Each structure stands twice: as structure tokens, then as C-alpha cells.
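**Student:** need the 3D shape of this:
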Amino acid sequence: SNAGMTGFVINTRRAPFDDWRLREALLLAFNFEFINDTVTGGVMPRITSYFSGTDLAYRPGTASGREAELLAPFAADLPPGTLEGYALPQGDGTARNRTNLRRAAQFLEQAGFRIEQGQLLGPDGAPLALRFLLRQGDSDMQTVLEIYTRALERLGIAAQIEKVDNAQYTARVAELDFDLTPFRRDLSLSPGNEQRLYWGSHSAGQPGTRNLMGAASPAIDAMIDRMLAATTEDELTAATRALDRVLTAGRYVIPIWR
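**Tutor:** Residues are numbered from 1 along each chain as shown. Let me share the structure:
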């Protein structure tokens, strides 16, 4: 049951959300530990990867052994930090979260965003528009995003919650018409062909897709192929963990609790 991702999915098809450095900044600005203290009393652990809390979760630190061999052909093209050992940002245990917000500002600056009159301009010179597409009745997510919005304001990003009715929510998600939206994907301990529908390149562009993030990478596609093809336990575990590692480093979802 532990496998699965819950959080805010980022539409990587929509510039400038296609830039991993913007996604990294968005992840650093999300103060999970403070939000979790506030909304949950701090009792619910963060989801740390797609297969976290299972044997299929990647092992923290540098990719080694068979996992590293499976990933090595894609090394030049993997999300930065994939092989080095990527982990989600951890806040400082306060509301202000100073260090991570500074790092997030630095990633924005590196990616060509500039602050002009307290507004963060994208590389194209226009203010970054960030709307959270939210179902009307989703009060727990509304509370989360209200907190998060205030953090993003400190980066010069005037993020907006766009609350819509269920019919609109269904339409907008089906048409991939959003920046960020709440997301849940339930995952099996025996993942199979459906993984192509969730994260595979061919599903990225397609109306109605489960691949809301628009993940499209040869490395993801290859790890799914390797998982499905595996004839040993060692190989199946290695391929599944490699998939978990690449999906997590893709910075597609801002994870919360389950």
C-alpha cells in the first residue's frame, strides 16, 4: 500500500515548468515540515519517492551496482543529481525556512528569472504565472496551498489558487490545462504494463493521460522495459529502484503525506 505518490504535480509541458531548475526552486520553497506540523500535527511522514516505504524504493546515495549499470547509458541525459543521490528538500523546522528559500532564489536566478519591482519575471521577460488548479471542496489542499503561496511570494511569485467545480476540474485535467494541481497515483507492489501509461513518453502528450506531469525520458522508458523484461529478483528490484530514482529526480511532483 505504501507505494504511490501524493502531492502537487507540475505540468512540465508548459514553459517555464519544463525547466528542472524552476521545479527545484518550487520544491525548495515547499516547507513540508512546517506545513505538516500545521495541517497534520507533524504525525504523517512525507512520501519520499514513488515507491517509498517499500522494497522497491531506491536506496539513498550514489547509484551503485546493477542499478548504476542500468542507468549509466543515460548518464548525460538524466535529471541533474540522479546518479549522485537526490533527496527531497528538508525545511529548517521554522516557518521562515530561510536557507531553502535562498537556495530556491538562486535556482531561479540561474534559470534566468529576474526580479523587477517585486515581481519574478520568467526568462521571456513576462511575470511567472503560477495557478494551483484546485477542486472546490478540497479544503485540506486549500490550507496547504495557502501556506505555500506565502512562501512563493517571498521569491517574487504571486501564486494564485484557482478553485473550480468538479465538472471544470475534470475538463481541465483531461485537457492538461493547468500549471500545478493536486495529484494521487496509487501504485502496486507488482508494477506492470500500466507504468507506461503513468510515466511513459508516449502517454505524455495525450488528452486524458494519467501522465499529468508530462514525463518523457528515454531513461524512464528503458527502466520500465527492463522491469517488464527482468527474469531475476535482483534484476527486477534493480530496474524498479532505478525507475523510482529517475522519476523522483525528475522533480515532477511536490510530495506531501499519503
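
**Student:** only C-alpha atoms for contact and neighbour calcs from this point on.
**Tutor:** Fine.

**Student:** contacts for stretch 75-94, please.
**Tutor:** 20, 27-28, 31-34, 48, 60-63, 68, 71, 97-100, 219, 245-246, 248-250 (CA atoms under 8 Å, 6 or more residues apart in numbering).

**Student:** buried ones in that stretch?
**Tutor:** By neighbour count on 16 or more other CA atoms under 10 Å, the buried set for stretch 75-94 is 78-80, 82-83, 86, 88-89, 91.

**Student:** buried ones among the contacts of stretch 75-94?
**Tutor:** Taking 16+ other CA under 10 Å as the criterion, what is buried in the contacts of stretch 75-94 is 20, 27-28, 31-34, 48, 63, 68, 71, 97, 100, 219, 245-246, 248-250.

**Student:** with just CA atoms, put stretch 134-148 into CSV.
**Tutor:** Extracted C-alpha coordinates of stretch 134-148, given in CSV (Å, rounded to 0.1, in the frame of the first residue of the first chain):
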residue,chain,number,x,y,z
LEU,A,134,-7.9,23.0,-7.1
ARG,A,135,-11.2,21.2,-6.7
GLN,A,136,-13.8,23.3,-4.9
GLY,A,137,-14.4,21.1,-1.9
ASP,A,138,-10.7,20.3,-1.3
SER,A,139,-10.2,22.2,2.0
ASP,A,140,-7.1,20.3,3.3
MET,A,141,-5.3,21.1,0.0
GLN,A,142,-6.5,24.7,0.1
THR,A,143,-4.9,25.1,3.5
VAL,A,144,-1.6,23.6,2.2
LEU,A,145,-1.5,25.8,-0.8
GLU,A,146,-2.4,29.0,1.1
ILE,A,147,0.7,28.4,3.3
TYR,A,148,2.8,27.5,0.2
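
**Student:** next up, the contacts around the closest residue to residue 149 other than its chain neighbours.
**Tutor:** Among residues not flanking residue 149 along the chain, residue 159 sits closest, at 5.6 Å (CA to CA, 6 or more residues apart in numbering). Counting by CA under 8 Å, 6+ apart, residue 159 touches 129-132, 149, 152-153.
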